[PDB]
Amino acid sequence: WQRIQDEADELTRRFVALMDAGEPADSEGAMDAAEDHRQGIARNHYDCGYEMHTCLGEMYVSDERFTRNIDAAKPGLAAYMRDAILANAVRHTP
């Protein structure tokens with residue numbers, strides 16, 4: 001497919017779908033999604049990096065430039081995602 005963009009968009013729906021259920025971002029399914037999230041991100045470049053994952057959490061809310069674009073497809077998804085990243089990361093490394 002060579003389309004390394006639509007794949008990321010599947011995650012948003014996947015994460016957002018969690019919001020729809022209002023599951024706990026610490027949901028194994030959600031967190032497992034975090035594992036998938038990290039796996040797909042790291043797979044594109046670099047490798048294991050829970051820390052680099054935490055770094056993206058910043059843009060998911062920091063720098064109104066990125067926050068504004070991400071959350072544009074759903075309100076508050078950015079804030080919720082930040083919660084998602086750390087919980088998965090924390091069970092691995094607090």
# chains A, B, ... in the order shown; residues from 1 in each chain; ligands from 1
>>> select_by_dssp(residues="range 5-38 of chain A", states="alpha helix (DSSP H)", output="VMD selection string")
chain A and resid 6 to 21 28 to 38
>>> closest_residue(among="A:12, A:27, A:5, A:39", to="residue 88 in chain A", atoms="only C-alpha atoms")
A:27
>>> closest_residue(among="A:83, A:63, A:51, A:58", to="residue 15 in chain A", atoms="only C-alpha atoms")
A:83
>>> closest_residue(among="A:19, A:80, A:25, A:85", to="residue 52 in chain A", atoms="only C-alpha atoms")
A:85
>>> closest_residue(among="A:35, A:6, A:47, A:71", to="residue 92 in chain A", atoms="only C-alpha atoms")
A:35
>>> closest_residue(among="A:77, A:70, A:90, A:57", to="residue 18 in chain A", atoms="only C-alpha atoms")
A:77
>>> residues_around(residues="residue 55 in chain A", least_positions_apart="3", cutoff="12 Å", atoms="only C-alpha atoms", output="ChimeraX atom specification")
/A:38,49-52,58-62,82,85-86,89
>>> atom_distance(atom1="CA of residue 84 in chain A", atom2="CA of residue 1 in chain A")
28.5 Å
>>> closest_residue(among="A:69, A:91, A:54, A:81", to="residue 24 in chain A", atoms="only C-alpha atoms")
A:81
